[PDB]
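K.L.:
Here is my input; please provide its structure:
(chains A, B and C)
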Amino acid sequence: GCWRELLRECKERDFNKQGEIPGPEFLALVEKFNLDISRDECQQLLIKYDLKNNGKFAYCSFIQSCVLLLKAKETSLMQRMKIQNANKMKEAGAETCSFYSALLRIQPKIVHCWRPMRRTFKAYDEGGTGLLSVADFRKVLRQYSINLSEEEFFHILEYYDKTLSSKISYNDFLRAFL
Amino acid sequence: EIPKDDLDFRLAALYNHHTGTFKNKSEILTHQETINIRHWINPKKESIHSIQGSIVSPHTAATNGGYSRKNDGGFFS
Amino acid sequence: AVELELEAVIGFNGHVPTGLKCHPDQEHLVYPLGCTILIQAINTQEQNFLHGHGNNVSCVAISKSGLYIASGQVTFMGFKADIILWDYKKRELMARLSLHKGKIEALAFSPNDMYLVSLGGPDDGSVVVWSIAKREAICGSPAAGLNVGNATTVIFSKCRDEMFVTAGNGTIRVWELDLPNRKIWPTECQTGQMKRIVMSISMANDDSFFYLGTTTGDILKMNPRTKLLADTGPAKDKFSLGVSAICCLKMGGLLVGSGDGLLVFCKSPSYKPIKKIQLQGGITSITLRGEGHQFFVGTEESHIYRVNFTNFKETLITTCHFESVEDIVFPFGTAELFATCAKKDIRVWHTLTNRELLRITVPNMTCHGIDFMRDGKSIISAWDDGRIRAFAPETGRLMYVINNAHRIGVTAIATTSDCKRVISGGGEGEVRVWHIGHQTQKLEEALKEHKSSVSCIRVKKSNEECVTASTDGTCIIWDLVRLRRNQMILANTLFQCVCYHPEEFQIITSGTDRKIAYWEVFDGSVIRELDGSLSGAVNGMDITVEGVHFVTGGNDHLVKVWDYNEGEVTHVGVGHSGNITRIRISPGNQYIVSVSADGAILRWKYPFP
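P.N.:
Residues are numbered from 1 along each chain as shown, chains lettered A, B, ... in the order given. Have a look at this structure:
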């Protein structure tokens, strides 16, 4: 609910891009945005989640678990769902921190325009399958002002195309937004 | 550019009268108006083995003392 | 003696086989240099180049774990070429392994580290097998079959004990290591009739097949299990020069790079150019960044490319020379441009973003020195063919040529402020002043004192005198209203560079005795003798406008800011051990730029003395 605030007031004190920030610089600054706090939560959420054996805490993984789905639990029955054509991806993944950062930067745009975006995914070389080419994927993304750099596209494509097959599922990409 | 109807029909019309089979009036008179690092390379591509000049010495520059010996001595170039 | 920041380094040595690598957590790039190993990230920060080897590097290798980096160096005939292990968490020397004579052609790691293999020696061809757990030598043998020839490279399979050396002249051998017997077992691969010379090597991921990049232009697929030829490469439209960079992918495809710039994505059973792009220079290294979506290209001339795998769009990210560079010359007034010269190339660089704006080429030649004019109308250059050539500052058009300037190549050069007189000195010893007109270029007088090649010539702000230095040990003060000599400067040092002190009352010299010496303009007497390096020599000199800051470039890795009045050093050169031949300072007192005897240029930051 305060994800833009915890990102804007964490990338400024980030010294160099991938470099995370140490413990109290997180614990004291969750009080800056008045997050609900408890020491029992703090101990595990700091020490257990320091996945490089350092004092810095990975912001991207935590807020990735906070806002971006990437793992559905089907949310019980009698609950309407949104993306309907997924599970056509042959278990790919690298999950770098820069992948999560690129996902978070693209996040506010896709949720605004995904009802017309999915249909231009469809009308551009589908037939009924559910797989588009990489170049057509880039062309469809640019037509809705989602512009991806070379590093951003590398980290995007390393998760949705492991076999270098030049085909990318668009529903499974759109599933980790809604 | 056309002060006369004849120049309107001529010149600026793209209708070829030899390869135009059975066009109508509206398509004869269709008009044209309706429609990082820089490198310089020497051309003569010469050799290191085509240099004009002196014959270089087998001995070093500061050591031509025991070999130079212009008949009755004397340092060379 | 504080250490000021090195802003950037521009060099790259693409002359070594498979020199450019990428280490597998996907942010850094490892490519060698003249003496060190450079590490470059996405952001333009140079992360602590690795000092060692005491001489030029020859080959590089890296571990799949990303924890160990290997490198090999060249040494004299009949001496030891030491392999230095490196770590990455704390980038320091880990071990010195010295069991080779001459050079080290190739190194390779096992998939889970431990073992190290070192094929080295074009004269003493042998292979020893190391360990990195304990840093001793296990076993070895002459790893080149008699009556065949030499061997070039090595590579490792996924079994920790099967390595395979590359046919320098027709000896393809797949090896096997026996731990308890302390032996290695050679097995020749039986080829029917094709005797090929192969320089580049590759191995598939699941050890099914390995490929060879041969001289003739074909790619030989081979099976390590049966040790027999599997497939033969393309028969029509063979690759032009010898394939020097071959890499494989997760699928059966392979990235093959030729020696004329042909990076080709190809196939296994019948090799065809599915997608190819043309690059400048012969491709020498191909390494996959993380899994294949982007990768890196090394060329013979120092270019580094980044081309995506989808539809093959390349991006040139780094340019440099490929030989010894000398005589950087700054334009007057502005400081955001500077010019360079080396073998076959004269290039003008942007100094803020460290990029190249233009290059001019006279092939198969080397430029001894360059100079500008007062306003940027031409770049006079002193080539080795006895010619002096002048190019336009952009588009490089040849303005004129002086045909037989000297009996050997022109070594030094100068420029007067009135854009009328050019002073040049040849390898014969002649100092020649030249008249430059609008239509004709003449020779007023050749001045004749020196008995050796002229190192450097510098003139005063009033275009009236000049000092010419030579390697015979004389520096001559000429005049310009008349063309005559005033006084001699005799010393026991082969002079390399001279510099006028502002207010024109003192003259400083240098050479290969490591003694910066002050002299008077008249009477030629000594005043003081300083210390240059205590080990090497002194080669690069410059003094700024204000006259108290003064820069010395030695034969070692050190650039030294010196106080003019005292002898005080502000040591900054923790950089590159290539021989710093010439040096220069910014006109606006912002930067110190130096050159090296390898393809390197270093740019430092200005302190105040």
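
K.L.:
partner strands of the longest strand along chain C, parallel or antiparallel?
P.N.:
Using DSSP state E to define each element, chain C has its longest strand at strand C:356-371. Strand C:356-371 has these partner strands in its sheet, going by DSSP bridges: strand B:38-41 (parallel), strand C:343-350 (antiparallel), strand C:379-383 (antiparallel).

K.L.:
How much space separates residue A:148 from residue C:229?
P.N.:
Distance from residue A:148 to residue C:229, counting by Cβ to Cβ, to the nearest Å: 45 Å. Where you see a C-beta, it was placed from the backbone N, CA and C, and this is true even at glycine.

K.L.:
now do residue C:118
P.N.:
If you go by Cβ to Cβ, the gap between residue C:118 and residue C:229 works out to 28 Å.

K.L.:
Counting neighbours, what do you get for the residue in chain A that chain B sits nearest to?
P.N.:
Per Cβ to the nearest Cβ, the residue of chain A with the smallest distance to chain B is residue A:150, at 18.1 Å. Around residue A:150 there are 12 other residues, counting by other Cβ atoms under 10 Å in any protein chain shown.

K.L.:
Now do the helices in the chain.
P.N.:
Going with chain A. Applying DSSP state H to chain A gives helices spanning A:3-11, A:24-27, A:39-43, A:59-67, A:97-110, A:115-123, A:134-142, A:150-160, A:170-175.

K.L.:
list the buried ones in the longest strand of chain C?
P.N.:
Within strand C:356-371, the residues that qualify as buried by neighbour count (16 or more other Cβ atoms under 10 Å in any protein chain shown) are C:356, C:358-362, C:364-371.

K.L.:
got these as CSV, with distance to residue C:324 columns?
P.N.:
Written out in CSV, the entries for these read as follows (distance: Cβ to Cβ, whole Å):
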residue, distance to residue C:324
C:356, 18
C:358, 21
C:359, 17
C:360, 18
C:361, 17
C:362, 16
C:364, 16
C:365, 13
C:366, 8
C:367, 10
C:368, 11
C:369, 12
C:370, 14
C:371, 18
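
K.L.:
Test my guess that the residue of chain A closest to chain B contacts residue C:307.
P.N.:
No - with contacts counted by Cβ atoms under 8 Å, residue A:150 stays clear of residue C:307, the gap being 10.5 Å.

K.L.:
Mind telling me which residue is nearest the centre of chain A?
P.N.:
Closest to where the C-alpha atoms of chain A average out (Cα atoms, centre = their mean) is residue A:103, at 3.5 Å.

K.L.:
residue contacts, the spatially closest residue to it that is not a sequence neighbour?
P.N.:
Using Cβ to Cβ, 6 or more residues apart in numbering or on different chains and skipping residues adjacent in sequence, the residue nearest residue A:103 is residue A:68, 5.8 Å away. If you count contacts by Cβ atoms under 8 Å, 6 or more residues apart in numbering or on different chains, residue A:68 has them with A:100, A:103-104, A:107, A:176-177.

K.L.:
so how far is residue C:399 from the closest residue to chain C within chain B?
P.N.:
When scored by Cβ to the nearest Cβ, chain B has residue B:40 as its residue closest to chain C, at 3.0 Å. Here residue B:40 is placed at a distance of 12 Å from residue C:399 (Cβ to Cβ).

K.L.:
Now do the shared contacts for these two.
P.N.:
Common contact partners of residue B:40 and residue C:399 (Cβ under 8 Å, 6+ apart): residue C:391.

K.L.:
Can you mark which positions in stretch C:291-308 are buried?
P.N.:
Of the residues in stretch C:291-308, those buried by neighbour count under the rule 16+ other Cβ under 10 Å are C:291-308.

K.L.:
likewise stretch C:93-109?
P.N.:
Neighbour-count burial for stretch C:93-109, with 16+ other Cβ under 10 Å as criterion, is recorded at C:94-95, C:97, C:99-109.

K.L.:
Alpha carbons of it, as PDB, please.
P.N.:
As requested, the backbone C-alpha atoms of stretch C:93-109 are provided in PDB (Å, rounded to 0.1, in the frame of the first residue of the first chain):
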ATOM      1  CA  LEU C  93      47.400 -13.100  -5.600                       C
ATOM      2  CA  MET C  94      46.700 -16.600  -4.300                       C
ATOM      3  CA  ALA C  95      49.600 -18.700  -5.700                       C
ATOM      4  CA  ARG C  96      52.500 -18.500  -8.000                       C
ATOM      5  CA  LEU C  97      52.900 -21.700 -10.200                       C
ATOM      6  CA  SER C  98      56.100 -21.700 -12.300                       C
ATOM      7  CA  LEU C  99      56.700 -24.900 -14.400                       C
ATOM      8  CA  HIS C 100      57.000 -23.600 -17.900                       C
ATOM      9  CA  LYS C 101      59.600 -22.300 -20.300                       C
ATOM     10  CA  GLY C 102      58.700 -19.300 -22.500                       C
ATOM     11  CA  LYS C 103      55.000 -18.500 -22.500                       C
ATOM     12  CA  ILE C 104      51.600 -20.000 -21.500                       C
ATOM     13  CA  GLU C 105      49.300 -20.500 -24.400                       C
ATOM     14  CA  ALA C 106      46.200 -21.800 -22.600                       C
ATOM     15  CA  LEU C 107      44.700 -22.600 -19.200                       C
ATOM     16  CA  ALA C 108      41.600 -24.500 -18.200                       C
ATOM     17  CA  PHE C 109      39.600 -25.300 -15.100                       C
END
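
K.L.:
Spit out the contact partners of the closest residue to residue C:210 other than its chain neighbours.
P.N.:
Closest residue to residue C:210 apart from its sequence neighbours, by Cβ to Cβ, 6+ apart: residue C:203 at 4.7 Å. The contact partners of residue C:203, by Cβ under 8 Å, 6+ apart, come to C:155-157, C:164, C:210-211, C:248.

K.L.:
Wasn't residue C:229 part of a helix?
P.N.:
No - assessed with DSSP: H, G, I helix; E, B strand; the rest coil, residue C:229 is strand; it does not lie in a helix.

K.L.:
Quick check, it in contact with residue C:218.
P.N.:
No - Residue C:229 sits out of contact with residue C:218 when judged by Cβ under 8 Å, with a separation of 11.8 Å.

K.L.:
Report the beta-bridge partners for residue C:22.
P.N.:
Where residue C:22 sits in a bridge, its partners, by DSSP bridges, are residue C:29.

K.L.:
from memory it sits against residue C:288, does it?
P.N.:
Yes - judged on Cβ under 8 Å, residue C:22 makes contact with residue C:288 at a distance of 7.0 Å.

K.L.:
Between the two, which contacts overlap?
P.N.:
The contact sets of residue C:22 and residue C:288 overlap at residue C:295 (Cβ under 8 Å, 6+ apart).
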